[PDB]
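> Let me give you the structure first, and then I'll get to my questions.
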Amino acid sequence: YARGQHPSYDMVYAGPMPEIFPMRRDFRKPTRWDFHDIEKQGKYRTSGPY
Amino acid sequence: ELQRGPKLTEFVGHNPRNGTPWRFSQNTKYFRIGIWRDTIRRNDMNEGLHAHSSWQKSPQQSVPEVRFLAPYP
Amino acid sequence: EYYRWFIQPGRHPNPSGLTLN
Amino acid sequence: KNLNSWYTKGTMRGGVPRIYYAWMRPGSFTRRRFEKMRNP
Amino acid sequence: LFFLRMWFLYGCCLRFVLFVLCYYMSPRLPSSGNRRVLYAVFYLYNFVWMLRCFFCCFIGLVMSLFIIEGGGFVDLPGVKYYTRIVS
Amino acid sequence: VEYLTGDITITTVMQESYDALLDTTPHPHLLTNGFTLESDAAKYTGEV
Amino acid sequence: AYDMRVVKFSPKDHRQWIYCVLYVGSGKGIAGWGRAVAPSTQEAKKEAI
Amino acid sequence: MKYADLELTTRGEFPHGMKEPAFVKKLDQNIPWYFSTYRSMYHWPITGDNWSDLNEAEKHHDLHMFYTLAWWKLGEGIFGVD
Amino acid sequence: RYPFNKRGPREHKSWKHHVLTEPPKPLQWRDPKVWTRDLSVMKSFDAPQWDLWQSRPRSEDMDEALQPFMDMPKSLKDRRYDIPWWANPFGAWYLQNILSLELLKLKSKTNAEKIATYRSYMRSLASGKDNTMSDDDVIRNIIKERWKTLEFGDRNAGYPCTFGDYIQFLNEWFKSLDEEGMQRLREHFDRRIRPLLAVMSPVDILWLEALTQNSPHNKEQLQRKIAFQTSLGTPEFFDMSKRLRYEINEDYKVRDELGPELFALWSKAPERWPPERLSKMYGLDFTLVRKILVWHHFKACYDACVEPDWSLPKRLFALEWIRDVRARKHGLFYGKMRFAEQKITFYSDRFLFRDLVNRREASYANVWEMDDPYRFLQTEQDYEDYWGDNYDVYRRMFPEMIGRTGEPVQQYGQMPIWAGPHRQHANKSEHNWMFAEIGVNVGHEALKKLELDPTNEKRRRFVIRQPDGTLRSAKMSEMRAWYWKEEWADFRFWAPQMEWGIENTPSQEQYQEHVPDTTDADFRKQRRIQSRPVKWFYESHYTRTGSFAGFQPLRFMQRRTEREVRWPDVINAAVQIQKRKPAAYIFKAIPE
Amino acid sequence: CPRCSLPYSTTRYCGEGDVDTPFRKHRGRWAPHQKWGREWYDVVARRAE
RNA sequence: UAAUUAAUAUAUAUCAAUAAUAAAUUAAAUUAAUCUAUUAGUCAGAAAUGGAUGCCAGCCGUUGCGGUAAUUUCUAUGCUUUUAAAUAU
Ligand SMILES: [Mg+2]
Ligand SMILES: [Mg+2]
Ligand SMILES: [Mg+2]
Ligand SMILES: [Mg+2]
Ligand SMILES: [Mg+2]
Ligand SMILES: [Mg+2]
Ligand SMILES: [Mg+2]
Ligand SMILES: [Zn+2]
């Protein structure tokens, strides 16, 4: 390496870092804009999903 | 790569890392009029923000990890 | 909290809440 | 030394979703025409 | 923005004036009616200027001095200044 | 490694407490010491 | 946008045609825009699309 | 184990997540811009290895997974043999 | 123009007192049926959700798996008695139908059938009947249709199980799971249910409820809607059983990679078997085949009942690892670098020549030297990036990265006061007095370490008078107080804690409203509950990295603020989000 | 209580009459005591770990 | 060594010196002292109906509105707002 004859491994030779073990299902997290009555999302109460 | 292909990765938020993969469901304030117009006149195209919802006309719904490069469907 | 499993969803037996007399 | 963080870059549009690619564009994904030798 | 309409505000937002005359003038067609125009006076550096402005205000019991503000354009050509309150 | 070195040892106190909780809590396939009989399970089991 | 233009078919005959500007889009990387001049509102909408 | 013969008359409908919602005609805020204009504080997925005493990821995932498996009756009739 | 010429500001219905009271409030007459047991709040009579536990901070929830049993009162739970698992009628059903093979009878084959089948199995001749179905496939079909034909209900009528009975067995079983038990479960779920969860559609909801034979709210209208819409396609098009049927790249099947290749070799000397030797086995690209090798190793390990090398994915992907570490340190973020963020440099055509002749002319004493896993690393920076993850390897290899030494706090000698006791009271006072030096040679951030360096004799001078009158040198903290505040966060191994988050930002910046801070159930913050231990206590110290404030908090405050839309007059800049303030406020007395 | 370690009998809320408590913040609300069960048991366990 | 147990100066000025300081629900680890605090729009473009008026009176950031049916004037009542105000320079 010191005389510059060592075969280079640089960050240029790296492809994508793959997802190997797939995490988990991300279940839908209830937000303030998901409500079965249009009332619970009011203008006087709810200013946004969170 | 060996089966069913890659996931269709979307986000709602600032980045891919800062947001949720989920769109907002049908129960949203702004989606209800639109989804209505879309249920009644099914065949014509409809304006709205109701497009951004997880629910839509096509049999393929938008929810996370849709495999969109899969041969079937 | 256990009541929710025996109710009929459209029926809200006493919407006022007041028994009166 | 690059003080903009890729961690926070973007604008929340509220409900509007947009797609992003993990690596390459999906069209470039399956290369089978050169792999299984279907080309003129 | 039209900067020459403000000539008599002299770089100020509001002015104080004294009432002299009130006459009537007819606006540019196709707007018909009578526009009430008050003819006012004020002094600056011991010069006495006669200001001419649109009377939109509410007159109660008899009073003398008004507060002049500049607007956008109005039906009546030639009258730049408007009335805020009367004192 | 500490066990094989002799550094950590299983004592009689650890041992008997271990056994105590091994008795008194539910085992997956079997009934355990410290399972209480229920008189009314006869409704199903058939015996009191 | 919607808008109204007068369309003269003859020195007597006058029609009211309307004018549409819209854009179709999908956040998945594909969009497009169109405009049209047609007789009715619905017509100009479909034409523009 | 721990069995009683219980009657459960009403189970809520399926958690497919897609149910035609309640329809309205008029809305409270007539201002659709608010949909596109709304921002929030950042959701950071991780801080420092993501350790928690309440184990949130694991526990919540499993709890969802349980009633999901219940409702599909363990997905056990749906798949034939290809 | 001026709004108030000719009328003052309008006070008309300023209380808007039509909004204050509903003329009907409440009483001591509230119906115990329809209210809470405490009469605190009104019960909600819409259909039960199965997920309710996630929104409420009640701990009896987590004692049981499925929801209706979480909601069950203790008085009822007392009356569930412990009996054998097959005494549960659903467990009985499961025992008879699924688990007992011996009771399963198959249609007996004739002699002709036996022969034609045998000669088909042993030697294949084309044009034949493609079916020839294995009795294994047949058997599994009979079982899966036994799962089809299973229906719940009153068991004094036809069907075997109460629904309550079924979920009861299910609940007893889900609580009963071990680690590898619920692992097998979640695998089973990821393989079967999860893809279906992606391919669903409203068109299926009726069918989706036909699994449990549960009756829907709209059932007639769904009948009609779904009839009309399924009308528009083939019946095979629409049935969810067949929607997963094809998979790309049929040459390598997941089923066939379950037996890992040459496992009887690389088990026994895994060092003599670098990824290359095995990678010649697959006709795929690089990333895919290394991925597959990882999976092989793991499957093999689980098969042999030993634990897998978790360092293996880092070892095979090492180049990708280090690229991601250095990217994370460069652009400041935690995650995996994706394509958009790559450098736009354009190399020449022959750019690789130097490395090409270096590789072509290389030579190696043995083959182990040829491919060792660590040839990727030369400098110390390489070894520091490659092992930053294991605090084992890192702590042993880089001892000097945890500072164990510091400039000791020392007492200075006092200057003699000739005035004697008369003034001795003076320098002894109420407080501590810090003094830091400034001047042309001191206070420059650029030079900071040189100025705190105990070796440098021009080193910036601090002093402290303790209230008893003594003087001591500054503690290092106190020294650092006199420089502009410095932020240290390194993103390369564990995620530093980042400001302006959901759980970070206090209320008034996050929302424009006051939101109460309770440690239980913040719906706005999407948390169920919080146990609130001391932040850095239970976590490992190497895990604590730093904080990053170095960006704009866009919800709160942004640059070049403007109105998104000028008309209508109602919209403002995107930082002004807020709920409407009511007509004049009503205050309800709140001990309740 | 498994969370704040206050006595069940004499105390209604988490953090009552504790100077340094995390569970009661300035304009926030009081949280009722939480009860033992498998949740907090394995919480304690994970902490020990 | 006038004095430092001091920074407090009552009600004056000049040209300055940005105060609507959690502007609305769980309470101030005080020393409880100063303050009782409201406006806008309502055609286009968030939000409307009665009643008058009839090219008048008036509106006017701007195209422009007002010709007995004015969602653009006036008035009454509601209703709308992303909440340190409208308006003028
Ligand atoms: Mg000028
Ligand atoms: Mg004009
Ligand atoms: Mg070279
Ligand atoms: Mg409007
Ligand atoms: Mg007006
Ligand atoms: Mg009239
Ligand atoms: Mg009107
Ligand atoms: Zn407690």
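Numbering starts fresh at 1 for the residues of each chain in the structure tokens, the chains themselves are lettered A, B, ... in the order given, and ligands are numbered from 1 as they appear.
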Residues near residue 38 in chain J, anyone? I mean within 9 Å using only C-alpha atoms (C1' of nucleotides), not counting same-chain ones fewer than 5 positions away, as a PyMOL selection string.
(chain I and resi 59-60+62-64) or (chain J and resi 43)
> Should the cut-off be 9 Å, what would the residue list for chain D against chain H look like, counting only C-alpha atoms, as a ChimeraX atom specification?
/D:8,11-16
> Keeping only C-alpha atoms, write the selected residues as a short mmCIF file (atom, residue, chain, number, x, y, z; two decimals), in the first residue's frame.

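Output file result-v1.cif is given in full below:
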```
data_model
loop_
_atom_site.label_atom_id
_atom_site.label_comp_id
_atom_site.auth_asym_id
_atom_site.auth_seq_id
_atom_site.Cartn_x
_atom_site.Cartn_y
_atom_site.Cartn_z
CA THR D 8 -33.55 16.71 7.06
CA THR D 11 -40.93 19.87 2.55
CA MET D 12 -43.96 18.34 4.13
CA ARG D 13 -46.90 18.82 1.83
CA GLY D 14 -49.24 17.32 4.40
CA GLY D 15 -51.23 14.48 2.91
CA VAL D 16 -49.49 14.42 -0.47
#
```
> Please provide as a ChimeraX atom specification all residues within 10 Å of range 10-18 of chain J, with the sequence filter that same-chain residues fewer than 3 positions apart are discarded (counting only C-alpha atoms (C1' of nucleotides)).
/I:519 /J:1-7,21-25,30-34
> Write out, as an mmCIF file, in the first residue's frame, the residues just selected, with C-alpha atoms.

```cif
data_model
loop_
_atom_site.group_PDB
_atom_site.id
_atom_site.type_symbol
_atom_site.label_atom_id
_atom_site.label_comp_id
_atom_site.auth_asym_id
_atom_site.auth_seq_id
_atom_site.Cartn_x
_atom_site.Cartn_y
_atom_site.Cartn_z
ATOM 1 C CA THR I 519 -47.426 10.312 30.835
ATOM 2 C CA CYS J 1 -47.030 0.994 41.942
ATOM 3 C CA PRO J 2 -44.652 -0.580 39.375
ATOM 4 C CA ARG J 3 -44.072 2.763 37.681
ATOM 5 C CA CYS J 4 -43.538 5.385 40.402
ATOM 6 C CA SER J 5 -43.183 3.063 43.435
ATOM 7 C CA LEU J 6 -45.705 5.016 45.547
ATOM 8 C CA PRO J 7 -47.945 3.013 47.937
ATOM 9 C CA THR J 21 -41.068 12.970 39.692
ATOM 10 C CA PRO J 22 -41.091 12.783 35.843
ATOM 11 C CA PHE J 23 -44.767 11.821 35.754
ATOM 12 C CA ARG J 24 -46.213 15.149 36.658
ATOM 13 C CA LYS J 25 -45.171 18.090 34.543
ATOM 14 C CA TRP J 30 -52.269 13.464 36.767
ATOM 15 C CA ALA J 31 -51.971 9.807 35.784
ATOM 16 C CA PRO J 32 -53.647 7.071 37.864
ATOM 17 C CA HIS J 33 -51.522 4.307 39.350
ATOM 18 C CA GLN J 34 -50.739 1.478 37.021
#
```
> Give me, as a list in words, all polymer residues having an atom no more than 8 Å from residue 27 in chain G, counting only C-alpha atoms (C1' of nucleotides) and skipping those fewer than 5 positions away in the same chain.
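Using only C-alpha atoms (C1' of nucleotides), the neighbours found are residues 17, 18 and 19 of chain D.
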> List all protein, DNA and RNA residues that have an atom no more than 9 Å from any atom of ligand 3, counting only C-alpha atoms (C1' of nucleotides) and all ligand atoms, and report them as a PDB file with N, CA, C and O atoms, in the first residue's frame.

```
ATOM      1  N   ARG A   3       3.789   1.832  -1.388  1.00  0.00           N
ATOM      2  CA  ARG A   3       4.399   2.166  -2.667  1.00  0.00           C
ATOM      3  C   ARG A   3       3.340   2.303  -3.767  1.00  0.00           C
ATOM      4  O   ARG A   3       3.659   2.569  -4.921  1.00  0.00           O
ATOM      5  N   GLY A   4       2.077   2.134  -3.397  1.00  0.00           N
ATOM      6  CA  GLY A   4       0.975   2.437  -4.291  1.00  0.00           C
ATOM      7  C   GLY A   4       0.594   1.319  -5.232  1.00  0.00           C
ATOM      8  O   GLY A   4      -0.163   1.522  -6.174  1.00  0.00           O
ATOM      9  N   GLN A   5       1.128   0.134  -4.982  1.00  0.00           N
ATOM     10  CA  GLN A   5       0.853  -1.017  -5.828  1.00  0.00           C
ATOM     11  C   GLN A   5      -0.241  -1.939  -5.295  1.00  0.00           C
ATOM     12  O   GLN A   5      -0.508  -2.985  -5.887  1.00  0.00           O
ATOM     13  N   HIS A   6      -0.856  -1.586  -4.174  1.00  0.00           N
ATOM     14  CA  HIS A   6      -1.902  -2.442  -3.628  1.00  0.00           C
ATOM     15  C   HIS A   6      -3.227  -2.169  -4.315  1.00  0.00           C
ATOM     16  O   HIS A   6      -3.631  -1.012  -4.443  1.00  0.00           O
ATOM     17  N   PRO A   7      -3.909  -3.239  -4.755  1.00  0.00           N
ATOM     18  CA  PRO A   7      -5.201  -3.091  -5.423  1.00  0.00           C
ATOM     19  C   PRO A   7      -6.184  -2.346  -4.539  1.00  0.00           C
ATOM     20  O   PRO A   7      -6.418  -2.745  -3.402  1.00  0.00           O
ATOM     21  N   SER A   8      -6.767  -1.282  -5.075  1.00  0.00           N
ATOM     22  CA  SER A   8      -7.599  -0.384  -4.288  1.00  0.00           C
ATOM     23  C   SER A   8      -8.973  -0.971  -4.027  1.00  0.00           C
ATOM     24  O   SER A   8      -9.565  -1.583  -4.905  1.00  0.00           O
TER      25      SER A   8
ATOM     26  N   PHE I 353      -7.470   2.038 -14.955  1.00  0.00           N
ATOM     27  CA  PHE I 353      -6.247   1.409 -15.431  1.00  0.00           C
ATOM     28  C   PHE I 353      -5.221   1.115 -14.349  1.00  0.00           C
ATOM     29  O   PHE I 353      -4.739  -0.007 -14.260  1.00  0.00           O
ATOM     30  N   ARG I 354      -4.878   2.108 -13.539  1.00  0.00           N
ATOM     31  CA  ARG I 354      -3.913   1.903 -12.463  1.00  0.00           C
ATOM     32  C   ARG I 354      -4.290   0.713 -11.597  1.00  0.00           C
ATOM     33  O   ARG I 354      -3.478  -0.190 -11.360  1.00  0.00           O
ATOM     34  N   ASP I 355      -5.534   0.692 -11.143  1.00  0.00           N
ATOM     35  CA  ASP I 355      -5.983  -0.404 -10.306  1.00  0.00           C
ATOM     36  C   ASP I 355      -6.025  -1.703 -11.088  1.00  0.00           C
ATOM     37  O   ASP I 355      -5.870  -2.786 -10.528  1.00  0.00           O
ATOM     38  N   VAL I 357      -3.917  -2.694 -13.527  1.00  0.00           N
ATOM     39  CA  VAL I 357      -2.602  -3.307 -13.638  1.00  0.00           C
ATOM     40  C   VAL I 357      -2.090  -3.703 -12.264  1.00  0.00           C
ATOM     41  O   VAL I 357      -1.255  -4.593 -12.152  1.00  0.00           O
ATOM     42  N   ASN I 358      -2.600  -3.058 -11.218  1.00  0.00           N
ATOM     43  CA  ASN I 358      -2.257  -3.478  -9.864  1.00  0.00           C
ATOM     44  C   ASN I 358      -2.863  -4.807  -9.494  1.00  0.00           C
ATOM     45  O   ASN I 358      -2.257  -5.601  -8.783  1.00  0.00           O
TER      46      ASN I 358
END
```
> For ligand 5, list the contacting residues at 8 Å or closer, counting only C-alpha atoms (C1' of nucleotides) and all ligand atoms, as a PDB file with N, CA and C atoms (P, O5', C5', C4', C3', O3' and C1' of nucleotides), in the first residue's frame.

```pdb
ATOM      1  N   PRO I   3     -62.039  51.403   7.594  1.00  0.00           N
ATOM      2  CA  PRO I   3     -63.286  50.717   7.965  1.00  0.00           C
ATOM      3  C   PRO I   3     -64.151  51.502   8.949  1.00  0.00           C
TER       4      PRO I   3
ATOM      5  P     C K  59     -69.190  55.512   0.587  1.00  0.00           P
ATOM      6  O5'   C K  59     -68.794  54.077   0.032  1.00  0.00           O
ATOM      7  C5'   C K  59     -68.929  52.938   0.861  1.00  0.00           C
ATOM      8  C4'   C K  59     -68.916  51.663   0.064  1.00  0.00           C
ATOM      9  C3'   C K  59     -67.592  51.271  -0.564  1.00  0.00           C
ATOM     10  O3'   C K  59     -66.714  50.664   0.365  1.00  0.00           O
ATOM     11  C1'   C K  59     -69.361  50.930  -2.109  1.00  0.00           C
ATOM     12  P     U K  73     -71.649  45.873  -0.353  1.00  0.00           P
ATOM     13  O5'   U K  73     -72.358  47.293  -0.247  1.00  0.00           O
ATOM     14  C5'   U K  73     -71.694  48.470  -0.684  1.00  0.00           C
ATOM     15  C4'   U K  73     -72.619  49.657  -0.643  1.00  0.00           C
ATOM     16  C3'   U K  73     -73.348  49.863   0.680  1.00  0.00           C
ATOM     17  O3'   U K  73     -72.578  50.618   1.608  1.00  0.00           O
ATOM     18  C1'   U K  73     -74.907  49.914  -1.109  1.00  0.00           C
TER      19        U K  73
END
```
> Distance cut-off 8 Å, counting only C-alpha atoms - which residues of chain I neighbour chain B? Return them as a PyMOL selection string.
chain I and resi 198-203+243-250+252-254+288+335
> Let me see the file: selected residues, N, CA and C atoms, as a short mmCIF file (atom, residue, chain, number, x, y, z; two decimals), in the first residue's frame.

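Ended up saving to selection19.cif:
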```cif
data_model
loop_
_atom_site.label_atom_id
_atom_site.label_comp_id
_atom_site.auth_asym_id
_atom_site.auth_seq_id
_atom_site.Cartn_x
_atom_site.Cartn_y
_atom_site.Cartn_z
N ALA I 198 -51.30 -6.85 1.17
CA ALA I 198 -50.98 -5.89 0.10
C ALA I 198 -51.89 -5.96 -1.15
N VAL I 199 -52.40 -7.15 -1.47
CA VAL I 199 -53.21 -7.33 -2.69
C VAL I 199 -54.72 -7.23 -2.49
N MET I 200 -55.18 -6.82 -1.31
CA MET I 200 -56.62 -6.78 -1.05
C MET I 200 -57.31 -5.72 -1.86
N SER I 201 -58.62 -5.62 -1.68
CA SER I 201 -59.45 -4.69 -2.44
C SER I 201 -60.88 -4.77 -1.94
N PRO I 202 -61.60 -3.64 -1.95
CA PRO I 202 -62.99 -3.58 -1.51
C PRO I 202 -63.84 -4.71 -2.10
N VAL I 203 -63.54 -5.08 -3.34
CA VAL I 203 -64.22 -6.15 -4.06
C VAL I 203 -64.22 -7.46 -3.27
N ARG I 243 -53.97 -14.81 -6.59
CA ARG I 243 -53.33 -13.52 -6.90
C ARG I 243 -51.82 -13.48 -6.66
N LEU I 244 -51.29 -14.48 -5.96
CA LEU I 244 -49.85 -14.55 -5.69
C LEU I 244 -49.08 -15.53 -6.59
N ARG I 245 -49.76 -16.09 -7.59
CA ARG I 245 -49.31 -17.34 -8.23
C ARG I 245 -47.95 -17.33 -8.97
N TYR I 246 -47.54 -16.21 -9.57
CA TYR I 246 -46.28 -16.20 -10.33
C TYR I 246 -45.15 -15.50 -9.59
N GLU I 247 -43.91 -15.94 -9.82
CA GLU I 247 -42.74 -15.29 -9.22
C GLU I 247 -41.59 -15.19 -10.22
N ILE I 248 -40.98 -14.01 -10.31
CA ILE I 248 -39.92 -13.73 -11.28
C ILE I 248 -38.69 -14.57 -10.97
N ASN I 249 -37.82 -14.76 -11.97
CA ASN I 249 -36.61 -15.57 -11.77
C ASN I 249 -36.92 -16.99 -11.27
N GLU I 250 -37.45 -17.84 -12.14
CA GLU I 250 -37.86 -19.18 -11.75
C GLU I 250 -36.72 -20.20 -11.67
N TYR I 252 -33.95 -20.05 -9.81
CA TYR I 252 -33.60 -20.31 -8.42
C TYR I 252 -34.80 -20.13 -7.52
N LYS I 253 -35.31 -21.24 -7.01
CA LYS I 253 -36.48 -21.20 -6.15
C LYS I 253 -36.06 -21.20 -4.70
N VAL I 254 -36.81 -20.46 -3.90
CA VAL I 254 -36.58 -20.38 -2.47
C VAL I 254 -36.69 -21.75 -1.81
N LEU I 288 -27.22 -9.83 -5.31
CA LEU I 288 -28.16 -10.91 -5.07
C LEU I 288 -27.49 -12.17 -4.52
N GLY I 335 -29.20 5.84 8.52
CA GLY I 335 -29.92 5.02 7.57
C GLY I 335 -28.95 4.40 6.60
#
```
> Find the spatial neighbours of range 27-33 of chain F, counting only C-alpha atoms (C1' of nucleotides), within a cut-off of 7 Å - ignore same-chain residues fewer than 3 positions away - and output them as a ChimeraX atom specification.
/F:23-24 /I:176
> Could the residues in this selection be written to a file with C-alpha atoms, as a PDB file, in the first residue's frame?

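result03.pdb, freshly written:
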```pdb
ATOM      1  CA  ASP F  23     -42.683 -24.856  41.376  1.00  0.00           C
ATOM      2  CA  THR F  24     -44.997 -21.944  41.971  1.00  0.00           C
TER       3      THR F  24
ATOM      4  CA  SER I 176     -48.559 -19.511  25.611  1.00  0.00           C
TER       5      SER I 176
END
```
> Can you tell me which residues surround range 41-55 of chain K at a distance of at most 8 Å, considering only C-alpha atoms (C1' of nucleotides), apart from same-chain residues fewer than 6 positions away, and format the answer as an MDAnalysis selection string?
(chainID E and resid 31:33) or (chainID H and resid 29:31) or (chainID I and resid 567:570) or (chainID K and resid 66:68 71:72 74:76 79:81)
> Expressed in Å to a single decimal, how great is the separation between CA of residue 138 in chain I and CA of residue 241 in chain I?
17.3 Å
> Select the residues contacting ligand 1 at a distance of at most 8 Å, based on only C-alpha atoms (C1' of nucleotides) and all ligand atoms, then format the selection as an NGL selection string.
:E and (3-4 or 6-7 or 10-11)
> With a distance cut-off of 8 Å and only C-alpha atoms (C1' of nucleotides), select the neighbouring residues of residue 49 in chain G, excluding the residue or stretch itself and same-chain residues fewer than 2 positions from it, and output the selection as a list in words.
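Using only C-alpha atoms (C1' of nucleotides), the neighbours found are residues 22, 23, 24, 33, 34, 35, 45, 46 and 47 of chain G.
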> Can you spit out the residues from that selection as a compact mmCIF listing (two decimals), in the first residue's frame, using N, CA and C atoms?

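Generated output (part-v5.txt):
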```
# COMPACT_ATOMS: atom_id res chain seq x y z
N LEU G 22 -56.02 22.23 -17.31
CA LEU G 22 -55.78 21.33 -16.20
C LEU G 22 -54.52 20.53 -16.36
N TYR G 23 -54.17 19.79 -15.31
CA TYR G 23 -53.03 18.91 -15.40
C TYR G 23 -53.29 17.62 -14.67
N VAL G 24 -53.04 16.53 -15.38
CA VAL G 24 -53.09 15.21 -14.83
C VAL G 24 -51.76 14.89 -14.20
N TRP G 33 -50.10 17.97 -18.92
CA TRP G 33 -51.07 19.05 -18.83
C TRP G 33 -51.75 19.25 -20.15
N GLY G 34 -52.96 19.79 -20.10
CA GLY G 34 -53.69 20.05 -21.32
C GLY G 34 -54.63 21.22 -21.18
N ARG G 35 -55.02 21.76 -22.32
CA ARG G 35 -56.00 22.82 -22.38
C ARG G 35 -56.89 22.64 -23.59
N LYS G 45 -63.65 19.79 -20.45
CA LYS G 45 -62.92 19.04 -19.45
C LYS G 45 -62.35 17.75 -20.05
N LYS G 46 -63.19 16.95 -20.70
CA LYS G 46 -62.74 15.69 -21.29
C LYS G 46 -61.69 15.91 -22.38
N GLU G 47 -61.90 16.92 -23.21
CA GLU G 47 -60.94 17.28 -24.25
C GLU G 47 -59.59 17.65 -23.69
```
> Could you make a table, as a Markdown table, of the residues of chain I that have an atom within 12 Å of an atom of chain C, each with its nearest atom pair and distance in Å to one decimal, counting only C-alpha atoms, in chain and number order?

```
| residue | atom | partner | partner_atom | distance |
| --- | --- | --- | --- | --- |
| I:24 | CA | C:16 | CA | 10.1 |
| I:25 | CA | C:18 | CA | 10.3 |
| I:26 | CA | C:18 | CA | 7.7 |
| I:27 | CA | C:18 | CA | 7.6 |
| I:28 | CA | C:18 | CA | 8.7 |
| I:29 | CA | C:18 | CA | 5.4 |
| I:30 | CA | C:18 | CA | 4.6 |
| I:31 | CA | C:19 | CA | 5.1 |
| I:32 | CA | C:17 | CA | 8.3 |
| I:33 | CA | C:14 | CA | 8.4 |
| I:34 | CA | C:17 | CA | 6.1 |
| I:35 | CA | C:17 | CA | 7.0 |
| I:36 | CA | C:1 | CA | 8.8 |
| I:37 | CA | C:1 | CA | 9.5 |
| I:39 | CA | C:17 | CA | 10.1 |
| I:41 | CA | C:17 | CA | 10.4 |
| I:42 | CA | C:17 | CA | 7.8 |
| I:43 | CA | C:4 | CA | 9.1 |
| I:44 | CA | C:4 | CA | 8.2 |
| I:45 | CA | C:12 | CA | 5.9 |
| I:46 | CA | C:9 | CA | 4.9 |
| I:47 | CA | C:9 | CA | 5.0 |
| I:48 | CA | C:4 | CA | 5.8 |
| I:49 | CA | C:4 | CA | 9.1 |
| I:50 | CA | C:5 | CA | 10.4 |
| I:52 | CA | C:1 | CA | 10.6 |
| I:53 | CA | C:1 | CA | 11.3 |
| I:56 | CA | C:1 | CA | 11.7 |
| I:58 | CA | C:1 | CA | 11.0 |
| I:60 | CA | C:1 | CA | 11.3 |
| I:61 | CA | C:1 | CA | 10.8 |
| I:67 | CA | C:2 | CA | 9.9 |
| I:68 | CA | C:5 | CA | 7.2 |
| I:69 | CA | C:2 | CA | 8.5 |
| I:70 | CA | C:2 | CA | 8.5 |
| I:71 | CA | C:2 | CA | 4.9 |
| I:72 | CA | C:2 | CA | 5.3 |
| I:73 | CA | C:2 | CA | 6.8 |
| I:74 | CA | C:2 | CA | 10.6 |
| I:75 | CA | C:2 | CA | 11.5 |
| I:76 | CA | C:2 | CA | 10.1 |
| I:77 | CA | C:2 | CA | 11.6 |
| I:164 | CA | C:5 | CA | 10.8 |
| I:216 | CA | C:9 | CA | 11.0 |
| I:217 | CA | C:9 | CA | 8.8 |
| I:218 | CA | C:10 | CA | 11.8 |
```
> Rounded to one decimal in Å, what is the spacing between CA of residue 18 in chain E and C1' of residue 86 in chain K?
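About the pair CA of residue 18 in chain E and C1' of residue 86 in chain K: they are 25.8 Å apart.
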